[PDB]
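Here the structure is laid out as structure tokens; the discussion comes afterwards.
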Amino acid sequence: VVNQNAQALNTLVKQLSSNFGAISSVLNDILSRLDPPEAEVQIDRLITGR
Amino acid sequence: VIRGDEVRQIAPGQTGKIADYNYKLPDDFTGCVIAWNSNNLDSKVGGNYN
């Protein structure tokens, strides 16, 4: 029980590094590199994945 | 009144000098944009500086 809870929590934490089809998995890079009127196409898909 | 190549940059989210510093539309604009050629009536033979 202890190991199965800990592994599930660790896997939940690890999912934050996934890309989900964006150009990068770092939110600050997304908001700084690209333009505001077209950066939302990455933010929404990242939000859906998380 | 706008120079000819600069008509295409009036759209929301688009960048350009008239867009940057004169008149840019909001990102959620709901309306219609209309333009037509006025060389025959606005341009002057020696140049119009008004």
FRET efficiency, 1/(1 + (r/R0)^6) with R0 35 Å, evaluated for A:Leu12 and B:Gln9 via beta carbons: 0.15
A:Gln4-A:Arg50 FRET efficiency (beta carbon distance; Förster radius 22 Å; 0.05 resolution): 0.45
Given a Förster distance of 22 Å, report the FRET efficiency between B:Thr30 and A:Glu38 from their Cβ-Cβ distance, rounded to the nearest 0.05. 0.75
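What's the exposure ranking of B:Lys17, B:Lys24, going from fewest to most Cβ atoms within 10 Å?
Values: B:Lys17 9, B:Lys24 18.
Listing B:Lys17, B:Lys24 from fewest to most nearby Cβ atoms yields B:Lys17, B:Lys24.
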Chain B, relative contact order [Cα under 8 Å, separation at least 6], %: 23 percent
Measure nothing fancy, just the Cα-based angle from helix A:2-14's long axis to the longest principal axis of chain A, in degrees from 0 to 90, nearest 10. 10 degrees
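Quick one: pull the percentage of alpha-carbon pairs in chain A with a separation above 18 Å.
Values: 496 of 1225 pairs.
Above the 18 Å cut-off, chain A has 40 percent of its Cα pairs.
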Please report Rg over Rh for the protein assembly as shown, where both radii come from the alpha carbon positions and Rh follows the Kirkwood definition. 1.32
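Read-outs throughout are calculated quantities, based only on the coordinates presented, and are distinct from any laboratory measurement. Positions of Cβ are backbone-derived with ideal geometry, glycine not excepted, and every protein chain shown enters the neighbour counts.
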